[PDB]
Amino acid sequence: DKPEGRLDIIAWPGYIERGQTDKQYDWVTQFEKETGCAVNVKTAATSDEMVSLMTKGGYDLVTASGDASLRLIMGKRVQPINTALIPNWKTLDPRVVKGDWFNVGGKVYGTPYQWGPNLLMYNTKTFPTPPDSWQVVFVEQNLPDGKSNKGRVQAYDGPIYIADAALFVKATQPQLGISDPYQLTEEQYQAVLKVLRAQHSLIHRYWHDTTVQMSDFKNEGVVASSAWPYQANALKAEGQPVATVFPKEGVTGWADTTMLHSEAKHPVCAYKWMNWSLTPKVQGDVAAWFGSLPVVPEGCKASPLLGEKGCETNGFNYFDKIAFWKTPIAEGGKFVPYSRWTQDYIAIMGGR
């Protein structure tokens, strides 16, 4: 096979665009022209899926969130990188450049890519005044159109969703002492599972594929759900009556890092991709498309698609308020580990 001639990337949906969805949105064609390297994207919609794909092998890069990145480093599935081989490294936002989700033991395990929030997405005809609370997806109630929310709301099918419910519980039962929603004592955890068991009766579908989630908002009567800004952008661009809010209990979110597989076949293309991904126009264009935020602050002014006000609107100043995804760890028995999150969330989703 032609050497350094391809690049196999695992990515969130929409993260790698080549102008085939929308001509205007393209940060792959120019890279392929200049490098001679065919970029192959495998899309995945949970960090658990990305962890499994990396473990299996065959991919050069992954755009891992924090609830995958440390799992990949500790599994030695990603290799540390030499940041001096990435000339754009000095343009990274100081808020991400030394993040402990990819800096471990003095080594750098990838290049930051984008970050953003998990928002409350909702139908603006059912909610002519925007909702201000996650309670519309957690607690059975009549919505502003007179009808119950039961069967008309969704929840994310990744077990990391427990952290969302932890933020809801933190706000509505502050006496439990929840602070970090990823590090829950047994008593706090069980309170969150009880809320999720109650939410289950309302759930129309636990969403995973973004196109399927979008079809439910268009064709299956679903009017409220956590989502990424990407899905909101896509429904909006189709003329659907959909918007997003930052609810009063706060939000989770994600900081994503392009990380190099330990056995990568095309490391030279991979390093070229990582440097290319930090160029300011790419950074802004991806933030425009996905509704995320660039990790290169120059990207906030380098993309007309993003616009002058896009970084502010997308939440560039909200960084310190997001509960970013990370893997729950036991810390010697003090907190409930992610293995139990996975078991228990799978059981709740099944009515079990």
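The first residue of the shown sequence is 1; numbering continues from there.
Undergrad: 144-152 versus 233-241: which one carries the higher mean Cα B factor per the record?
TA: The recorded data point to 144-152.
Undergrad: Comparing average C-alpha B factors as deposited, tell me which of 164-172 and 179-187 sits higher.
TA: According to the PDB entry, the answer is 179-187.
Undergrad: From the list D67, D285, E49, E32, select the residue with the highest C-alpha B factor recorded in the entry.
TA: In the PDB entry, the greatest C-alpha B-factor among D67, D285, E49, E32 is found at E32.
Undergrad: I'd like to know which of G250, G253, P80, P130 has the highest C-alpha temperature factor in the PDB entry.
TA: The C-alpha B-factor peaks, among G250, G253, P80, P130, at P130.
Undergrad: Please rank the C-alpha B-factors of the chain's modelled residues and tell me whether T55 sits in the lowest, middle or highest third.
TA: Its C-alpha B-factor, which the entry lists for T55, ranks in the highest third among residues of this chain.
Undergrad: Within this chain's modelled residues, let me know which third the CA B factor of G106 belongs to: lowest, middle or highest.
TA: Highest third, going by the recorded CA B-factors of the chain.
Undergrad: Looking at the entry's B-factor column for C-alpha atoms only, identify whether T43 ranks in the lowest, middle or highest third of its chain.
TA: Highest third of the chain for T43's C-alpha B-factor.
Undergrad: Lowest, middle or highest third: where is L305 by Cα B-factor in its chain?
TA: Its C-alpha B-factor belongs to the highest third of this chain's values.
Undergrad: Which third, lowest, middle or highest, does the C-alpha temperature factor of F319 belong to within its own chain?
TA: Within its chain, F319 is a lowest-third residue by C-alpha B-factor, going by the deposited values.
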